[PDB]
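To start, the structure under review is shown below, and the notes come after it.
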Number of protein chains: 4
Amino acid sequence: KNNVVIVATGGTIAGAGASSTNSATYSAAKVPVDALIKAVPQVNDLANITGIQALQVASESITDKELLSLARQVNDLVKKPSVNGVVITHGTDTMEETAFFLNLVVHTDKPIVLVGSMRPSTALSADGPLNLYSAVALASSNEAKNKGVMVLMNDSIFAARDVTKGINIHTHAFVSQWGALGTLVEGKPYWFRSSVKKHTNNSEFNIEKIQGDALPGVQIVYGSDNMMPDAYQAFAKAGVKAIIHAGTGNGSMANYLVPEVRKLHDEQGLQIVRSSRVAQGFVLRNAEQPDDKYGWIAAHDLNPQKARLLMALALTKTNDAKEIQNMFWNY
Amino acid sequence: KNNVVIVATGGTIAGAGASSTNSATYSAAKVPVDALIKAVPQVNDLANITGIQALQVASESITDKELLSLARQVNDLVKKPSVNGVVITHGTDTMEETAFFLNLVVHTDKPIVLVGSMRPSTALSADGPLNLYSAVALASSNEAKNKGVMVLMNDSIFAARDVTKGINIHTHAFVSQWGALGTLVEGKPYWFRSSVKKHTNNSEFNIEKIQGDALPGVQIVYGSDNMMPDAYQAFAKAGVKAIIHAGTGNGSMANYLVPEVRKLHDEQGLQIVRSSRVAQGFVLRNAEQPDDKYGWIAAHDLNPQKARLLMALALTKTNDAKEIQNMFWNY
Amino acid sequence: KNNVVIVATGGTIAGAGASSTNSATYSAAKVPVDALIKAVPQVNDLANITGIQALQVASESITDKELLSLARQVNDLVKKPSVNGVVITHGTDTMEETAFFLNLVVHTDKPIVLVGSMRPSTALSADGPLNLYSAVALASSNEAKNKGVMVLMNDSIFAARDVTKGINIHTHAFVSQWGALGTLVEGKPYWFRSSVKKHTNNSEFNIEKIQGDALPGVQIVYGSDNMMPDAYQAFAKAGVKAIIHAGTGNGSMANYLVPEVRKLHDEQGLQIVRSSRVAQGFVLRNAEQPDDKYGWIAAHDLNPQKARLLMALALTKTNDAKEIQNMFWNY
Amino acid sequence: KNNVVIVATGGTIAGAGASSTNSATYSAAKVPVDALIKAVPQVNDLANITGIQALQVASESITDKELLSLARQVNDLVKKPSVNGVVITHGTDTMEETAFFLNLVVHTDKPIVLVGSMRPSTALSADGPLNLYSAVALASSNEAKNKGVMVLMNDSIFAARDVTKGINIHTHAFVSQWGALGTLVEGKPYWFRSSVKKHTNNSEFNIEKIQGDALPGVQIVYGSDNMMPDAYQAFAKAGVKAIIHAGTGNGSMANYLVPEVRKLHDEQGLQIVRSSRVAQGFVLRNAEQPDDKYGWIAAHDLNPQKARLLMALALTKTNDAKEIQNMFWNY
């Protein structure tokens, strides 16, 4: 009987716009926070519920403004003696992204859970309910503190730092290579692992310290064979501070672009983070390109999207390639 | 005692340039085809060996010219009564890419195996040898015909259509969601599944019919939250025929770009293939954007790189969005 | 508008006995076939439905009598010009077992689908419905013929030969190492692979030819370190025809038992199938024990339960260790 | 330049007995500890090496005597100011078993690594070397303390509590559902997770306190459909203290045996641990059988082999079903 606040951002559960049959019609915009709370009324047996409608966006279309604004609201909410835990309803597409961000800039020990649904609130066998309820049992859990930010999908408790969308039609679309912190079954949380990274109270970054309504321009260029320097060139010329190179294999750069990408960093001062298109394992620094020689960064095990966010947050504090390289090794 | 031809393209095995200790120093350019054949001399007990040095590139840097040129050589080689099977030594990064391509344009029933190594020929416990030898036992196998093109890594026989680099430091970096056709252990192949797709002899495409030294411009734009229309715009303006949209989730387009991406297709005639950044499951047509309304294509279960190649090959035969949509459903 | 027959065997969906909240209370016995058909009424838009209550057992407690009796009913049903496809409601625990069996002894080309549920019909976000409906869309599918027997769980279409329960609380408990034949999303089936094994019309075995109400005694002994010959000895002495040795690793027998297990085969004529406790990869004949020397069988890639059934069916036709070894290589 | 002691127990690496070609011929007994140390001489650049030949067994055949004897040696070795870390060469089959045991009874903070090989020291591309060397870099690592016991296979650092043999021919046969603590690449360890369980210094159990040359009889009965009470009955009658029931699904007992298994516990005082044959997820207490009613134990997420060892160690301290149930929830 802790007060969990459910913070609605939109997404397929707190919005279903088609199918009373199956998955595919992921069309949100639709069911605000109470419409939800009132649909899974069991959630009330778990705790004292209060629903805030923070945004009513569709996941894929979130920008830094929405991130900085949900972060601030979840920061304001989390500072109150009466908020015990917080649950966020989020579209599955970019969930990974918001939990990395809050993981990063929110200084709190209380449970911050992003919960979602792979089926419209109206498809047969809809996943949302059992996830909202279960998401709730943890946010109200007395032993959910200092886990960092967590995702809760298919009874799994995931650490924000590595949870990502690995599958596309299935209710069990959320995976991790280091795995889940644990499982939540029939109201109760079960723990197995703990992150060895920096999050929440032990994190350089802070939305309280961040004041814009945007972060410095960081943008992603995807690797494949037969590439062109056109996106790099378009992005430099647009005034982005760094490019995350979604390198093939281990952070790989095509020998026709090193020339090009080197100047974009040397001349126009672009930062260069070497990540991959390969979901598991990590990009070893100095391995497949000499970062040291070139002044680049090895984004370790962050997927492009996530690396994107660390760098945007990184360049709020330094321009120094080694100190940033240092954060990619810690988070 | 079949004649397998080993066709060297470069890559870490048929080239090791650093470490007598471990993985990380993936530096090719180094050990041509005989240097190789003479290092795993057991390969000769398997068949009659002949090594061709087709290129001496590093995987990540292959272009369409190298693709069209290896394709033609593997086509010329495969038409001879004396070539029973062919083995290709390839860098692991873009292997997936060459096997999709040949899978596609080579009209033959004989075994075409791309083999590679995750450790420099000189690291302790180097994977290359057992893979070259094993790759050989299949290409010389009498029951390796009409499997399509196959990859052979960590004793696994993979179908070219879905095999990709899922892990980064490990010898078992090659995965598939539909799985392996089978396993090769101690010289012998073991079968379990067969593709239900079109490949080799039953394939619209053909390098014999393709004459350039390049295919039509197709290029990849990667999805994440806070995106810009700059790469699309850079690529249209450069004269690419289609963009593969590495959409977040199920092929997702940010509502700030549909406006933009629509005109780039409507006005400047760009083709638009909606794929994902999510490795497994597939992008359902009409689901998360109305392709029908917009004239776009659902790239089904092809990862961006691979979708990239189908489209380049697609626009050699049609400009018709439905007939192409039709190939994404078949290959 | 094909006539699919839903054949109810019991299990958690066609029986929920506790929880209106979550998973754990798997207590069947409860909801017969119509109670079901009338709960997922959408199933009727898919086809002409007819529900048969074949048994009302709990999965784990099925015996050979229940197997032979469901087999015969599914054989009688499948011979009729008006039965287009059949769907079986089954407890998840031993589903794998019934689909292997029918896979084996039912001579038909029509779709035989075993469908189940990991949550009681009453838990929040219950999986049953979307699975019954979806199971139905395939059994009524015009392109579901000669796939063998299939399992349909979490929108996945699985081949009976290798599908097994790999996870325990989750809706996505059914895995395979060779993977799924395909996926069923929003009424439609999507194909990727096909088995390369013998099933249904191309299968030695037949319930029509089998007349008892039991098969010959075949029983499983589990491997671990510090074992005793007591179960073998108990089973020989009880009059079982063969023992499936759930060997550690690659079919491994402890050197303190080879002496013992050899005599139980040499003297009392016991058959010995060397399988494993390791779920993936397979037990190579002559590898870790000399079968040839000893007169044993390498059960290839069948898990103990499944090997158990092949052997019971094997000893209905031969006692010849090589001809049986031959079936383990084919099914 | 720490002193790691390599403790040889036998197994395929520190013993290869056939193949200069591939995997399958796993025949140990063969290459003692120095024969090894002298074959991967790079290991000496990592630290000061000293090889002890503790046993020269083949993995699958280890008993409690070998366990209690390796435990004591690794306990004696670990108490010395000059032993910084210890590496154990072990057969892959039952490795999981020894690391669980030592994990349990060894009171130390120093790195205890069990290392192995899936290919004979003589197969092409043999895994042993890169694993022995790498195993060494951690045992000599200054930041390998209080991780518990670890397995090191395919550059992965695994926690003893959950690491098991999931695949059979491949070099990457060792998996975990909660994942790896981290990876070791090119001499350096990389951390991501930490166990949340009790091990080494914070563990009830102790080989120093254990004096026999055997532990109380605990033995495993495997679940499938069509079972018999003969093994239970054979084991009770032999004088085992508890049976680990390798239940189908979630710890499931066939209704024809509950009668039987109940008396074997009620009458002859047998302990009953309900585990599964399902490798992932865990057996929830009171779920699929009422333990409370019956006086049984839910072995949570321990596979049969491992549950086997906890119970043997459990019954050295209590006979009390709740206090033991309590250890299954902690280790």
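Going by the structure tokens order, chains are called A, B, ..., each with residues numbered from 1, while ligands are numbered from 1 in the order shown.
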
(message) With only C-alpha atoms as the counted atoms, please give the residues lying no more than 6 Å from range 5-17 of chain D, apart from itself and same-chain residues fewer than 6 positions off, as a list in words.
(response)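 After dropping sequence-adjacent residues, the list is residues 26, 27, 28, 29, 30, 31, 32, 33, 36, 49, 50, 51, 52, 53, 54, 55, 56, 57, 58, 86, 87, 88, 89, 90, 91, 117, 120, 121 and 128 of chain D.
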
Lay chain A over chain B using all C-alpha atoms, matched one to one in order, with a least-squares fit; then write it out as a CSV table (one decimal) with C-alpha atoms, in the first residue's frame.
chain,number,residue,atom,x,y,z
A,1,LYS,CA,37.2,-36.6,-54.3
A,2,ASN,CA,35.2,-33.9,-56.0
A,3,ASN,CA,36.9,-30.7,-57.1
A,4,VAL,CA,36.0,-27.9,-54.7
A,5,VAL,CA,37.5,-24.5,-55.7
A,6,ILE,CA,38.5,-22.3,-52.8
A,7,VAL,CA,37.9,-18.6,-53.9
A,8,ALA,CA,39.8,-16.2,-51.6
A,9,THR,CA,38.4,-12.7,-51.1
A,10,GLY,CA,40.6,-11.7,-48.1
A,11,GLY,CA,39.2,-11.7,-44.6
A,12,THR,CA,40.9,-12.5,-41.2
A,13,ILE,CA,41.7,-16.2,-42.0
A,14,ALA,CA,43.2,-15.8,-45.5
A,15,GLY,CA,44.9,-12.9,-43.7
A,16,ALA,CA,46.0,-12.4,-40.1
A,17,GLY,CA,47.8,-9.2,-39.2
A,18,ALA,CA,48.8,-8.9,-35.5
A,19,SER,CA,47.8,-11.3,-32.6
A,20,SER,CA,49.4,-14.6,-31.7
A,21,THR,CA,47.1,-14.3,-28.5
A,22,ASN,CA,43.4,-13.4,-29.2
A,23,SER,CA,40.5,-12.1,-31.4
A,24,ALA,CA,40.5,-8.3,-31.4
A,25,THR,CA,43.2,-7.6,-33.9
A,26,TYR,CA,41.1,-8.3,-37.0
A,27,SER,CA,43.6,-7.1,-39.6
A,28,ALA,CA,43.4,-8.8,-43.0
A,29,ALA,CA,44.9,-8.0,-46.4
A,30,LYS,CA,47.4,-10.7,-45.4
A,31,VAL,CA,47.4,-14.4,-46.4
A,32,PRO,CA,46.5,-15.3,-50.0
A,33,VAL,CA,44.7,-18.5,-51.0
A,34,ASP,CA,47.6,-20.9,-51.2
A,35,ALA,CA,49.2,-19.6,-48.0
A,36,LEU,CA,45.9,-20.9,-46.6
A,37,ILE,CA,45.4,-24.1,-48.5
A,38,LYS,CA,49.0,-25.0,-47.4
A,39,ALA,CA,48.2,-24.2,-43.7
A,40,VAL,CA,45.1,-26.6,-43.5
A,41,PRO,CA,46.6,-29.4,-45.6
A,42,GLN,CA,44.0,-31.8,-44.3
A,43,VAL,CA,41.6,-30.1,-46.7
A,44,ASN,CA,43.3,-32.1,-49.4
A,45,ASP,CA,42.1,-35.4,-47.9
A,46,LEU,CA,38.6,-34.1,-48.5
A,47,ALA,CA,38.9,-33.3,-52.1
A,48,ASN,CA,40.8,-32.0,-55.1
A,49,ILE,CA,41.7,-28.4,-54.2
A,50,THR,CA,42.3,-25.4,-56.4
A,51,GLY,CA,42.7,-21.8,-55.0
A,52,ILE,CA,41.6,-18.7,-56.8
A,53,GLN,CA,42.5,-15.3,-55.5
A,54,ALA,CA,39.3,-13.4,-56.6
A,55,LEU,CA,40.0,-10.1,-54.6
A,56,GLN,CA,42.2,-9.3,-51.5
A,57,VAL,CA,39.8,-6.9,-49.8
A,58,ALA,CA,38.8,-6.4,-46.1
A,59,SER,CA,35.1,-7.3,-45.8
A,60,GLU,CA,33.6,-4.0,-44.6
A,61,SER,CA,34.9,-2.2,-47.6
A,62,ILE,CA,33.3,-4.3,-50.4
A,63,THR,CA,31.3,-2.4,-52.9
A,64,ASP,CA,28.9,-3.4,-55.7
A,65,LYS,CA,31.9,-3.6,-58.1
A,66,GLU,CA,33.5,-6.4,-55.9
A,67,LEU,CA,30.1,-8.0,-55.5
A,68,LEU,CA,29.4,-8.0,-59.3
A,69,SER,CA,33.0,-9.3,-59.9
A,70,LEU,CA,33.0,-12.1,-57.3
A,71,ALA,CA,29.5,-13.1,-58.6
A,72,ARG,CA,30.7,-13.4,-62.2
A,73,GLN,CA,33.8,-15.4,-61.2
A,74,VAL,CA,31.6,-17.7,-59.0
A,75,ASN,CA,29.2,-18.0,-62.0
A,76,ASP,CA,32.0,-18.8,-64.5
A,77,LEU,CA,33.6,-21.3,-62.1
A,78,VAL,CA,30.2,-22.9,-61.3
A,79,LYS,CA,29.3,-23.6,-65.0
A,80,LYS,CA,32.2,-26.1,-65.4
A,81,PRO,CA,31.7,-29.8,-65.4
A,82,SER,CA,34.9,-30.0,-63.2
A,83,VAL,CA,33.9,-27.7,-60.5
A,84,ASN,CA,31.8,-29.7,-58.1
A,85,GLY,CA,31.5,-27.2,-55.4
A,86,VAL,CA,32.8,-23.8,-54.4
A,87,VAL,CA,34.1,-22.4,-51.0
A,88,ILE,CA,34.5,-18.7,-50.5
A,89,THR,CA,36.8,-17.2,-47.9
A,90,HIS,CA,35.3,-14.1,-46.7
A,91,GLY,CA,35.6,-11.4,-44.0
A,92,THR,CA,32.9,-11.9,-41.4
A,93,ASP,CA,31.5,-8.4,-41.3
A,94,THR,CA,29.8,-8.4,-44.7
A,95,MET,CA,29.8,-12.1,-45.4
A,96,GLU,CA,26.0,-12.1,-44.9
A,97,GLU,CA,25.8,-9.6,-47.8
A,98,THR,CA,27.8,-11.6,-50.4
A,99,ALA,CA,25.9,-14.9,-49.6
A,100,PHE,CA,22.6,-13.0,-50.0
A,101,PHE,CA,23.8,-11.6,-53.4
A,102,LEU,CA,25.1,-14.8,-54.8
A,103,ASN,CA,22.0,-16.6,-53.4
A,104,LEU,CA,20.2,-14.4,-55.6
A,105,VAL,CA,22.0,-13.9,-58.9
A,106,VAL,CA,23.9,-17.2,-59.4
A,107,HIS,CA,22.0,-19.8,-61.4
A,108,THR,CA,23.4,-23.2,-60.1
A,109,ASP,CA,22.5,-26.3,-58.1
A,110,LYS,CA,26.1,-26.9,-56.8
A,111,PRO,CA,27.2,-26.0,-53.2
A,112,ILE,CA,28.3,-22.4,-52.7
A,113,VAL,CA,29.7,-22.0,-49.2
A,114,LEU,CA,31.0,-18.8,-47.6
A,115,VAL,CA,33.3,-19.6,-44.8
A,116,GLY,CA,35.2,-17.2,-42.4
A,117,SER,CA,37.0,-16.8,-39.1
A,118,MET,CA,36.4,-14.6,-36.0
A,119,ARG,CA,40.1,-14.8,-34.8
A,120,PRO,CA,43.2,-13.8,-36.8
A,121,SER,CA,44.9,-16.8,-38.3
A,122,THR,CA,47.4,-16.3,-35.5
A,123,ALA,CA,45.4,-16.0,-32.3
A,124,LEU,CA,45.4,-19.0,-29.8
A,125,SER,CA,42.5,-21.3,-30.6
A,126,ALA,CA,41.9,-19.9,-34.1
A,127,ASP,CA,38.6,-20.9,-35.7
A,128,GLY,CA,39.6,-20.6,-39.4
A,129,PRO,CA,41.1,-24.1,-39.9
A,130,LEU,CA,38.3,-26.3,-38.6
A,131,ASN,CA,36.0,-24.0,-40.6
A,132,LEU,CA,38.0,-24.1,-43.9
A,133,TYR,CA,38.2,-27.9,-43.6
A,134,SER,CA,34.6,-28.3,-42.7
A,135,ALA,CA,33.5,-25.8,-45.3
A,136,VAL,CA,35.3,-28.0,-47.7
A,137,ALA,CA,33.6,-31.3,-46.6
A,138,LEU,CA,30.2,-29.8,-47.7
A,139,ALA,CA,31.3,-28.2,-50.9
A,140,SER,CA,32.6,-31.6,-51.8
A,141,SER,CA,29.5,-33.2,-50.4
A,142,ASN,CA,27.4,-35.1,-52.9
A,143,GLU,CA,24.2,-34.0,-51.0
A,144,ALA,CA,24.9,-30.3,-50.7
A,145,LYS,CA,23.0,-29.4,-53.9
A,146,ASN,CA,19.9,-27.1,-54.1
A,147,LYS,CA,20.3,-25.8,-50.5
A,148,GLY,CA,20.8,-22.4,-52.0
A,149,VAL,CA,24.0,-20.6,-50.9
A,150,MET,CA,25.2,-21.5,-47.4
A,151,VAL,CA,27.4,-20.1,-44.7
A,152,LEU,CA,29.5,-22.4,-42.6
A,153,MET,CA,30.6,-21.0,-39.2
A,154,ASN,CA,31.1,-22.9,-35.9
A,155,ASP,CA,30.2,-26.3,-37.5
A,156,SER,CA,26.7,-24.8,-38.5
A,157,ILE,CA,25.4,-24.9,-42.1
A,158,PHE,CA,23.4,-21.6,-42.5
A,159,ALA,CA,21.1,-20.6,-45.3
A,160,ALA,CA,22.3,-17.3,-47.0
A,161,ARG,CA,18.9,-15.6,-46.8
A,162,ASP,CA,18.8,-15.1,-43.1
A,163,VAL,CA,22.3,-15.7,-41.6
A,164,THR,CA,23.8,-12.6,-40.0
A,165,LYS,CA,26.4,-11.4,-37.6
A,166,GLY,CA,24.6,-11.3,-34.2
A,167,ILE,CA,27.6,-11.5,-31.8
A,168,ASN,CA,30.9,-9.6,-31.8
A,169,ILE,CA,33.9,-11.2,-30.2
A,170,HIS,CA,32.9,-14.8,-30.0
A,171,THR,CA,33.6,-17.7,-32.5
A,172,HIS,CA,29.8,-18.1,-32.7
A,173,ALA,CA,28.9,-14.7,-34.0
A,174,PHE,CA,26.6,-16.1,-36.8
A,175,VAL,CA,23.0,-16.6,-35.9
A,176,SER,CA,19.6,-16.9,-37.7
A,177,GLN,CA,16.0,-16.7,-36.5
A,178,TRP,CA,14.7,-19.5,-38.5
A,179,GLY,CA,17.8,-21.3,-37.7
A,180,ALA,CA,20.6,-23.3,-39.5
A,181,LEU,CA,19.9,-25.8,-42.3
A,182,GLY,CA,22.0,-28.2,-40.2
A,183,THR,CA,25.4,-28.9,-38.7
A,184,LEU,CA,28.7,-30.4,-40.1
A,185,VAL,CA,30.6,-32.5,-37.6
A,186,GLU,CA,33.7,-34.6,-38.2
A,187,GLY,CA,33.4,-34.4,-42.0
A,188,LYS,CA,29.8,-35.2,-42.3
A,189,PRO,CA,26.8,-33.0,-42.9
A,190,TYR,CA,23.6,-33.3,-40.9
A,191,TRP,CA,20.3,-31.8,-42.2
A,192,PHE,CA,17.1,-30.7,-40.4
A,193,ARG,CA,15.4,-27.9,-42.3
A,194,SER,CA,15.2,-26.5,-45.9
A,195,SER,CA,14.4,-22.9,-47.0
A,196,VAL,CA,11.0,-22.3,-48.4
A,197,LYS,CA,12.3,-19.4,-50.5
A,198,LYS,CA,13.5,-18.7,-54.1
A,199,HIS,CA,17.3,-18.9,-54.7
A,200,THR,CA,19.8,-20.0,-57.3
A,201,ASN,CA,18.1,-21.8,-60.2
A,202,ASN,CA,14.6,-20.5,-59.3
A,203,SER,CA,15.4,-16.7,-59.2
A,204,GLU,CA,14.4,-13.8,-61.4
A,205,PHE,CA,17.8,-12.3,-61.1
A,206,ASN,CA,21.0,-13.3,-62.9
A,207,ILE,CA,24.7,-11.8,-63.0
A,208,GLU,CA,24.7,-13.2,-66.6
A,209,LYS,CA,21.9,-10.7,-67.4
A,210,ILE,CA,23.5,-7.8,-65.3
A,211,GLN,CA,26.1,-5.8,-67.2
A,212,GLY,CA,27.2,-2.7,-65.4
A,213,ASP,CA,29.9,-2.5,-62.7
A,214,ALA,CA,27.3,-1.0,-60.3
A,215,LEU,CA,23.6,-1.5,-59.5
A,216,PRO,CA,21.0,1.4,-59.0
A,217,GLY,CA,21.6,3.5,-55.9
A,218,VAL,CA,19.9,2.1,-52.8
A,219,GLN,CA,21.0,3.4,-49.4
A,220,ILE,CA,20.1,3.0,-45.8
A,221,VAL,CA,18.7,5.6,-43.3
A,222,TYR,CA,18.7,4.4,-39.6
A,223,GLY,CA,15.8,4.9,-37.2
A,224,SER,CA,15.9,6.3,-33.7
A,225,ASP,CA,14.1,8.9,-31.7
A,226,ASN,CA,15.1,12.6,-32.5
A,227,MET,CA,15.8,12.1,-36.3
A,228,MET,CA,16.3,14.6,-39.1
A,229,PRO,CA,15.4,14.4,-42.8
A,230,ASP,CA,18.9,15.4,-43.7
A,231,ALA,CA,20.2,11.9,-44.9
A,232,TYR,CA,17.1,11.3,-47.1
A,233,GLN,CA,17.5,14.7,-48.6
A,234,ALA,CA,21.3,14.2,-49.1
A,235,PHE,CA,20.6,10.7,-50.8
A,236,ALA,CA,17.7,12.0,-53.1
A,237,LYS,CA,19.9,14.9,-54.1
A,238,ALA,CA,22.7,12.5,-54.8
A,239,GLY,CA,20.5,10.4,-57.1
A,240,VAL,CA,19.7,7.2,-55.3
A,241,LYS,CA,16.6,5.3,-56.6
A,242,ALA,CA,15.3,4.1,-53.2
A,243,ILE,CA,16.0,4.5,-49.4
A,244,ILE,CA,15.8,1.6,-47.0
A,245,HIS,CA,14.3,3.1,-43.9
A,246,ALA,CA,15.8,1.2,-40.9
A,247,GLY,CA,12.7,1.9,-39.0
A,248,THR,CA,12.4,1.6,-35.2
A,249,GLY,CA,10.1,-1.4,-34.2
A,250,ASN,CA,7.9,-2.6,-37.0
A,251,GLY,CA,9.2,-0.4,-39.8
A,252,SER,CA,8.2,2.8,-38.0
A,253,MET,CA,8.4,6.3,-39.5
A,254,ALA,CA,8.4,9.4,-37.3
A,255,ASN,CA,5.4,11.6,-38.0
A,256,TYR,CA,7.8,14.6,-38.5
A,257,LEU,CA,9.3,12.6,-41.5
A,258,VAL,CA,6.3,11.0,-43.2
A,259,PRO,CA,5.6,14.5,-44.7
A,260,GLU,CA,9.2,14.7,-45.9
A,261,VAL,CA,9.7,11.0,-46.9
A,262,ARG,CA,6.3,11.1,-48.7
A,263,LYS,CA,7.4,14.0,-51.0
A,264,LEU,CA,10.8,12.4,-51.7
A,265,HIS,CA,8.9,9.5,-53.1
A,266,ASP,CA,5.9,11.5,-54.7
A,267,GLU,CA,8.0,14.3,-56.3
A,268,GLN,CA,11.5,13.1,-56.8
A,269,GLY,CA,10.3,9.4,-57.4
A,270,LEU,CA,12.4,7.8,-54.6
A,271,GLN,CA,11.3,4.2,-53.7
A,272,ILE,CA,10.7,3.6,-50.0
A,273,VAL,CA,11.3,0.3,-48.3
A,274,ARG,CA,10.3,0.1,-44.6
A,275,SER,CA,12.6,-2.3,-42.7
A,276,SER,CA,13.8,-2.4,-39.1
A,277,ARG,CA,16.6,-2.1,-36.6
A,278,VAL,CA,14.9,-5.0,-34.7
A,279,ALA,CA,16.7,-8.2,-35.9
A,280,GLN,CA,13.9,-10.7,-35.5
A,281,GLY,CA,10.2,-11.0,-36.5
A,282,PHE,CA,9.3,-9.1,-39.7
A,283,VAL,CA,7.8,-5.9,-40.9
A,284,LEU,CA,4.2,-6.5,-41.8
A,285,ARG,CA,2.9,-4.5,-44.8
A,286,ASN,CA,0.2,-1.9,-44.1
A,287,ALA,CA,0.7,-2.3,-40.3
A,288,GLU,CA,2.6,0.7,-38.9
A,289,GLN,CA,2.4,3.0,-42.0
A,290,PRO,CA,-0.1,2.5,-45.0
A,291,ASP,CA,2.2,1.4,-47.8
A,292,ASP,CA,-0.8,1.0,-50.1
A,293,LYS,CA,-1.9,4.6,-49.5
A,294,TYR,CA,1.7,5.8,-49.8
A,295,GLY,CA,3.2,3.6,-52.4
A,296,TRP,CA,5.8,2.0,-50.1
A,297,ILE,CA,7.2,-1.5,-49.6
A,298,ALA,CA,7.2,-3.8,-46.4
A,299,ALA,CA,10.7,-5.5,-46.5
A,300,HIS,CA,9.4,-8.5,-44.5
A,301,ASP,CA,12.3,-10.1,-42.6
A,302,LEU,CA,15.4,-8.8,-44.5
A,303,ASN,CA,17.8,-6.7,-42.2
A,304,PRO,CA,18.6,-3.3,-43.7
A,305,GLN,CA,21.9,-4.4,-45.4
A,306,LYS,CA,20.1,-7.3,-47.1
A,307,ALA,CA,16.9,-5.4,-48.0
A,308,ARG,CA,19.5,-2.9,-49.6
A,309,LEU,CA,20.7,-5.6,-52.0
A,310,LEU,CA,17.2,-6.9,-53.0
A,311,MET,CA,16.1,-3.4,-53.9
A,312,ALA,CA,19.3,-2.7,-55.9
A,313,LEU,CA,18.6,-5.9,-57.8
A,314,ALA,CA,14.8,-5.2,-57.9
A,315,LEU,CA,15.2,-1.8,-59.6
A,316,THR,CA,17.2,-3.6,-62.4
A,317,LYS,CA,13.9,-5.3,-63.4
A,318,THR,CA,11.0,-3.0,-62.3
A,319,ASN,CA,9.9,0.3,-60.8
A,320,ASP,CA,6.6,-1.2,-59.9
A,321,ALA,CA,6.2,-1.1,-56.1
A,322,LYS,CA,3.8,-4.2,-55.9
A,323,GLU,CA,6.0,-6.5,-58.1
A,324,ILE,CA,9.0,-5.6,-55.8
A,325,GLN,CA,6.8,-6.0,-52.7
A,326,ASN,CA,6.3,-9.3,-54.3
A,327,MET,CA,10.0,-10.2,-54.2
A,328,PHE,CA,10.4,-9.2,-50.6
A,329,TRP,CA,7.7,-11.8,-49.8
A,330,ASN,CA,9.7,-14.5,-51.8
A,331,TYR,CA,13.4,-14.5,-51.2

(request) From a DSSP calculation on the backbone, collect every residue of range 135-313 of chain B in alpha helix (DSSP H) and output the set as a ChimeraX atom specification. (result) /B:135-139,230-236,258-266,291-294,304-313

(message) Quick check for you: according to DSSP on this backbone, which residues of range 73-281 of chain D are classed as strand (DSSP E)? Reply as a PyMOL selection string.
(response) chain D and resi 85-89+112-115+149-153+156-159+164-165+174-175+182-185+188-191+193-195+218-222+242-247+271-276
